[PDB]
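Engineer: The data below comprise the sequence and an experimental structure of the protein.
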Amino acid sequence: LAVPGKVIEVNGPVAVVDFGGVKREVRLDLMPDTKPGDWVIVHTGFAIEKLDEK
Amino acid sequence: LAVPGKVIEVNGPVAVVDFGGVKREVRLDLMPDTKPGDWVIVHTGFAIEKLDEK
Amino acid sequence: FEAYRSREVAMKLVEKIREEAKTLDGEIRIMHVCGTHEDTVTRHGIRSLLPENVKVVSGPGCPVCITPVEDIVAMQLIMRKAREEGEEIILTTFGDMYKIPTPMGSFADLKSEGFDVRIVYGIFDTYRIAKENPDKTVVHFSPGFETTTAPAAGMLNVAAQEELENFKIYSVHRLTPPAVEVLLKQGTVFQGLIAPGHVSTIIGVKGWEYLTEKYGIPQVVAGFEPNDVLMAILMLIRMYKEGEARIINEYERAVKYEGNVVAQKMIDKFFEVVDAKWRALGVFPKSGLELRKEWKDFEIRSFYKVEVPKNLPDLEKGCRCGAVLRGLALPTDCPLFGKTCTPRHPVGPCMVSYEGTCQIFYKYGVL
Amino acid sequence: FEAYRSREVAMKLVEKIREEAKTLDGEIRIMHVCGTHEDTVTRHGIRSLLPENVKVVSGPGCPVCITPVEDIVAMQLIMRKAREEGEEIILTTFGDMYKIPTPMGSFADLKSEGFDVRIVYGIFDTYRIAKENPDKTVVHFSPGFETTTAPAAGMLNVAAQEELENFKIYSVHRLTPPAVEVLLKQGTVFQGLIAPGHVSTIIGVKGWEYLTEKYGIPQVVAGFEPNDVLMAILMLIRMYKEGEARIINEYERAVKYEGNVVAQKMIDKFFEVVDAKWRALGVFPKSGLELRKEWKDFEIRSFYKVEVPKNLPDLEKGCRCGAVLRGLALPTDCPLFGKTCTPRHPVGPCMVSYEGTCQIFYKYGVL
Amino acid sequence: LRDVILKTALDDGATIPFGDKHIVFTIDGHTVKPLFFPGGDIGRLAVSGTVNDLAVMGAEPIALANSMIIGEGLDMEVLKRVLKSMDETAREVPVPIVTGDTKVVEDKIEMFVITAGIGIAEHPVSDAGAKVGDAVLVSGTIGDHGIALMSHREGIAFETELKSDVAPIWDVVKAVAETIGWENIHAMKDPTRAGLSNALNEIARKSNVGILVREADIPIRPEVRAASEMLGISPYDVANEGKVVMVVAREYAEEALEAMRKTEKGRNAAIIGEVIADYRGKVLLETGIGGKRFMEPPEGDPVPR
Amino acid sequence: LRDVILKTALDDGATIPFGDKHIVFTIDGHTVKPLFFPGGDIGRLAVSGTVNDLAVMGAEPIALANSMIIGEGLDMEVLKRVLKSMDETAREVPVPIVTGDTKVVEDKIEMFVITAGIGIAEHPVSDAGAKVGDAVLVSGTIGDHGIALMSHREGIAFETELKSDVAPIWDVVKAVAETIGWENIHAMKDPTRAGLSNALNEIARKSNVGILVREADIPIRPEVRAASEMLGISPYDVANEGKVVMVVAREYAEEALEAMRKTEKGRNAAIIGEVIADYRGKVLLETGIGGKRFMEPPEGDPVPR
Ligand code: SF4
Ligand code: SF4
């Protein structure tokens, strides 16, 4: 039920992400290596993976 | 849910009755004094009362 | 015969009713508490003949509907328990009760599990079955008001005499008069009561007199022909206007002022009055009939102690059958009536029981 | 973005599919096991684009639907028990599970009884609640496949680290791959599997390879855009015709061949694989995830021993949700679909869960 | 019971115009258990049903075709007996059973009888031609067959035996037609499954009209009345296998009624009501006492109340 | 929610012909909580709603009457604020709020606003006048108000604030009318409760016609798209308080569209589909990828999926 979002801010294991314009927080307990440059997949407020240059 | 019937035969506490033409047996544990002349009220195969010349 | 169904009679009564109701101060709500009566009113569409200010509401006149789930579930538990004890029990129950729903499934589902569930038509059919199988214990889930408590308490006598051993019954019998009282006391309103005909055949007018003297509500022991109800509705409209509070045995042709004393005594022999639970209605004091301490042997519950799960809802979400049994609404005042709830796929018991107010409204497609 | 939703792309794929399916020997039944996938197929009406001989069926891709009533009822028993012990527990559960029906009533009904039932959106919301009320024990009825088992097993780590004490969960997590196997073994037919995208994000392609090698069924880890499914349906139609049995990571943009090893490990830390019960489907071996003997403290069931009533039916009479979860029928092949069963007044879970095959067919009014 | 077979015309009387007439083609199966019942048997039931299916569509029975599926180990006398009824009944129309086929299956099933039939109608009739003002007629008593068979099951016996009405009624329809003209018979329906109530609702629904019926005018045997009350089912919802409902132009209501009564199979025929503009798609019943309520078609097969 | 009040006309726009015109009379209550939301408030909502109720029936807003039921202990500034919006909005039509009434109840309820309105239409229009071939137009983005309010509830904030579209659109309708002639506007409906999907189904059902809509042509904001997916609800089923659906004669589809776009409230207007003879009473949606499925009206108020 996940939608893709652009990470705009990171604060330890508590990144923040944007989805087509929505600001929502996202835990990073599954993706410790997330830089604001990365785009993540959010599932119930969590990060499961990071996208690729597909 | 009872319908009225004319008693056509009696055999101890096991009278027999007719309802507009149907022959069905009827216990008489509630009406020991039923003569084939009487008309009774049948409720689940039993006799609850006898009619009157109303 | 005819005179009791004659259109002439009916149209004279309807006219008389129409006239009286004309000088009536407000809205008169007459109530009946017998399923057969509701069927009479709906089948002949009497309501489509009564003045706008004259209303007839249904009461808890269905022995099956008000049968607690707790007991139905409990009976199924005994079935499984008895089996776990090499005892394959024969279960006999009425056609509609056989289908009544419970969160744990119906008796029909127990049948689809190997258990021997047989639909009887009278307590006797069960009796016939008992002797035909003295090896297995044959039990009858027995519900019913005074009218059906008699046959049962009458067959227990033929069980005590013959000293029969495999003849048991699950007693969930109920008392009509009491429920009528609990209702008055609980808010249900009405200016007159059409006493159930055959319930009055057994307990006689005597059995009802106490409600009139205590609450001043006029009564009429009516029969079941269309004219019987129309005649009764007439009297009640009058007694109300003239200020009386007395009972009138319209069904005198089939009712003795003191009812049948034989049955009375016989019942009082095997059953004792106890506080009972009425499904979707609550606990009504002195409205149940469980076998006396003595004949504790005819009660299948004596042999098996069972634990019925707690928190078993009486009705499914949406079912307003509780309000329908209290005369606080007709089945057409229910959001599920005719939609999600129908005899084919019912939600509450009011639509399953042969005498359910809802099954009767659907069946005759009320106007 | 666009390229993954582009009508051009889709119409090229649809054409390609149409061509291939032309030289196909018979009827190909591709199956997917993720709710999100069913929603994708139905929302964009992909089925209305596929050839007559190409079929897409749904599998047990709903974590809520397959959650056993026994556990839901058990959780409500703990609620009442805990209260009977001066312990007012805080219950957190997903929006749809909150409404799931059981013969004993739903979690929503427990809410209408004074109990504190709060609809969360993520295991974290529950976590947020725990600290905000360290006086009361906050428990989360936690259902879900690999995709949701991760966040949970990830928050338990933040629970072990912080050594938090009032953070419990009712574990009813399930394993996708196994169910797919039990299905092949039990008769369900299909020539290709569209592996759930995000379930594959966690357990990676590796987690699926074993089904192909064991049963020779080609697979495709597909995404969720309309083109993703269309692209996957294409590959499967080919691999079938050409005779292959290999997995293809179409969703490679978001899937690592080995999936996320962090989550994997983390899950394997707090949970151990056990035989589980799938509602309306039966007992699937090694398909459940209950907390390991060690962290027996995070399982609310550790503190309270309860007795769930026996003989609790999985579905109500008429509900063919069992056949719908097995890919043996679509919700339109059900006599109650759109009639007595709708999201407003549902019969089976398949119509309640946000990812229920039935709720999705009604919601988008399948053609 | 799902109408998949419809979208997968189909499943109803079919007309095929040819020359200046229309060929009416029908077919119906029978799994009646027991094969034998008071007043008739599966064989007569099969022929009567199909002949009637053609009569209500305004087609004269031209021929019948019969396919029998016999289960291995079927009392041969039973089968012979059934075949006699078929030939006996077919001659009552008259109508020849021009062709046939027989199959033996190992499955224990006694027997199934599938009958097809063709008719010629110069003036087709359907349950969608009822017009407001038209008279509604029923050719005989209601509840015979249904109650007959149910009573046999429940032991209920009767003074003078109560038996099924199973029988072809082409003669009854032809009578009316030849007496008032096909153009004047607006609609027909055989009150079989679901009974009279179902039949009326159908005409009402397919003609988008309300139908008013007077309970006091509906022909019902004294045996049926008693049996119906006992079993707790109304004779309106039980099957009829030898009756026809006929909607006729008001100006021919009386003429038609007499024509029916002049026949043996329409001896008890009568006028039970009329089509109205109100309550379209519904059937309104005026009870004996002057009351009113709808005559709803049962949801499923009836059981004692 | 039972339609007892109907049988006890009633409950829908009423027309009363007088002179050569028709008086259109309507009334609607509001229990919107909170009284305030992104882009508007109960006051504007009340006036906008009623003005629009008259516009879709082809009547020019002649006057408004407002009855307020205020709960004891209501922030006075709130009430003043609400009254300002009402007067501010009414002038945007323009249309005078000729009369009023006020009541104070002890019950704690903040406030309820009941608005009535009258209009004059020389050429009445209803959701039952859609004809096959006609073009279907929506005057603006879909899902604004509904999503706006839901997002406020769920904390969801947006880069540039996403707000309700609440506003009267008589100007938009008048524009079209004065550009193509009332005779050429076959049907209208305000996509408020239940959203666009409900509105279309209604027109389709009350005009007994099928309506084909192209998902690719339905105007939806990027904010609405994102928010809709997150909450798990489609923007088609959420309320709109400043939009109008318009079914126009095919030959004027292009002319109307331009007329709408020439206004501020119809700036994003567009042509989303057409009326067809098939699927009468239903709404068929052609998805972006060329697929097809029905656009069913939600059963009850939406919740996140
Ligand atoms: S109709 Fe059904 S659901 Fe409504 S009260 Fe009567 S039985 Fe309950
Ligand atoms: S529609 Fe309902 S009832 Fe049919 S299977 Fe799907 S949920 Fe079960």
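Structural biologist: Yep, that arrived. Residues are numbered from 1 along each chain as shown, chains lettered A, B, ... in the order given. Ligands and ions are numbered 1, 2, ... in the order given.

Engineer: Do you have the helices of the stretch 51-200 of chain E handy? List them.
Structural biologist: With DSSP state H, counting those that start in this stretch as the criterion, the stretch 51-200 of chain E has helices at E:76-90, E:144-153, E:170-180, E:195-206.

Engineer: do the last one and chain C meet?
Structural biologist: Read it as helix E:195-206. No: judged by C-beta under 8 Å from any C-beta of the partner chain, helix E:195-206 stays clear of chain C, getting no closer than 9.6 Å. For every residue, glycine as well, the C-beta is placed using N, CA and C.

Engineer: Touching that helix from outside, list them.
Structural biologist: Residues outside helix E:195-206 that contact it (C-beta atoms under 8 Å, 6 or more residues apart in numbering or on different chains): E:126-128, E:130, E:136, E:138, E:142-143, E:146, E:187, E:189-192, E:209-211, E:213, E:218, E:234-240, E:245, E:247, E:275, E:280-283, E:295-298.

Engineer: Name the nearest residue to residue 2, ignoring sequence neighbours.
Structural biologist: Reading this off chain A. In this structure, residue A:2 finds its nearest non-sequential neighbour in residue A:43, 4.7 Å apart by C-beta to C-beta, 6 or more residues apart in numbering or on different chains.

Engineer: my question was about chain E
Structural biologist: Spatial nearest neighbour of residue E:2, chain neighbours left out: residue D:335 (7.0 Å); criterion: C-beta to C-beta, 6+ apart.

Engineer: and stretch C:219-229, anywhere near chain E?
Structural biologist: Yes: applying C-beta under 8 Å from any C-beta, one finds stretch C:219-229 touching chain E at C:226, C:227.

Engineer: End to end on that stretch, go ahead and measure it.
Structural biologist: Stretch C:219-229 has its terminal residues 12 Å apart, counting by C-alpha to C-alpha, to the nearest Å.

Engineer: got the buried residues for it?
Structural biologist: Across stretch C:219-229, burial judged by 16 or more other C-beta atoms under 10 Å in any protein chain shown covers C:219, C:220, C:221, C:222, C:223, C:224, C:225, C:226, C:227, C:228, C:229.

Engineer: cool, and stretch C:344-362?
Structural biologist: Those would be C:345-362, for stretch C:344-362 by 16+ other C-beta under 10 Å.

Engineer: quick one: which of these sit in helices?
Structural biologist: C:357, C:358, C:359, C:360, C:361, C:362 (DSSP state H).

Engineer: circling back: reformat the helices of the stretch 51-200 of chain E as JSON lines; add mean neighbour count and distance to residue C:201.
Structural biologist: Formatted as JSON lines, these follow (neighbours: other C-beta atoms under 10 Å in any protein chain shown; distance: least, C-beta to C-beta, whole Å):
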{"stretch": "helix E:76-90", "mean neighbour count": "17", "distance to residue C:201": "49"}
{"stretch": "helix E:144-153", "mean neighbour count": "24", "distance to residue C:201": "28"}
{"stretch": "helix E:170-180", "mean neighbour count": "21", "distance to residue C:201": "47"}
{"stretch": "helix E:195-206", "mean neighbour count": "24", "distance to residue C:201": "33"}
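
Engineer: and the residue nearest to residue E:2, what does it touch?
Structural biologist: Residue D:335 neighbours (C-beta under 8 Å, 6+ apart): D:318, D:320, E:2.

Engineer: Quick check: it vs residue F:68, distance?
Structural biologist: 51 Å (C-beta to C-beta, to the nearest Å).

Engineer: Could you report the distance from the residue nearest to residue C:334 when sequence neighbours are not counted to residue D:344?
Structural biologist: Excluding the flanking residues, the one nearest residue C:334 by C-beta to C-beta, 6+ apart is residue C:320, at 4.7 Å. Taking C-beta to C-beta as the measure, residue C:320 falls 16 Å from residue D:344.

Engineer: State which one residue of chain C is found closest to chain F.
Structural biologist: Taking C-beta to the nearest C-beta, chain F has its nearest neighbour within chain C at residue C:335, 7.0 Å off.

Engineer: now do chain A
Structural biologist: For chain A, C-beta to the nearest C-beta, closest residue to chain F: residue A:20, 3.2 Å.

Engineer: correct me, but that residue touches residue F:226?
Structural biologist: Yes: counting by C-beta atoms under 8 Å, residue F:226 is a contact partner of residue A:20 at 3.2 Å.

Engineer: neighbour-wise, which of the two wins?
Structural biologist: residue F:226 (22 against 19; other C-beta atoms under 10 Å in any protein chain shown).

Engineer: Kindly confirm my reading that that one forms part of a helix.
Structural biologist: Yes: under DSSP: H, G, I helix; E, B strand; the rest coil, residue F:226 sits within a helix.

Engineer: How about the contacts made by it?
Structural biologist: A:3, A:19, A:20, A:21, A:22.

Engineer: let's see 10 Å
Structural biologist: The neighbourhood of residue F:226, defined by C-beta atoms under 10 Å, 6 or more residues apart in numbering or on different chains, consists of A:3, A:5, A:18, A:19, A:20, A:21, A:22, F:147, F:151, F:156, F:158, F:162.

Engineer: before we move on, what about residue C:4?
Structural biologist: B:54, C:10, C:223, C:224, C:225, C:226, C:227, C:228, C:231, C:253.

Engineer: On the secondary structure side, give me the element for the fourth one.
Structural biologist: What it means is residue C:224. Per DSSP states H and E, residue C:224 falls between elements, in no helix or strand.

Engineer: Wait, it touches residue C:197, no?
Structural biologist: Yes: counting by C-beta atoms under 10 Å, residue C:224 does reach residue C:197; the two are 5.8 Å apart.

Engineer: Would you mind listing the residues touching both of the two?
Structural biologist: Common neighbours of residue C:224 and residue C:197 (criterion: C-beta under 10 Å, 6+ apart): B:2, C:34, C:36, C:37, C:40, C:251, C:254.

Engineer: Pretty sure residue C:298 sits against residue C:159.
Structural biologist: Yes: shown here, residue C:298 and residue C:159 form a contact pair, counting by C-beta under 10 Å, at 6.6 Å.

Engineer: Can you pull the residues that touch both of the two?
Structural biologist: C:167, C:168, C:169, C:270.

Engineer: Highest neighbour count among these?
Structural biologist: residue C:168 (27 neighbours).

Engineer: Provide a list of residues in contact with that residue.
Structural biologist: Contacts of residue C:168 by C-beta under 10 Å, 6+ apart are C:78, C:89-90, C:126, C:130, C:137-140, C:142, C:156, C:159, C:291, C:297-303.
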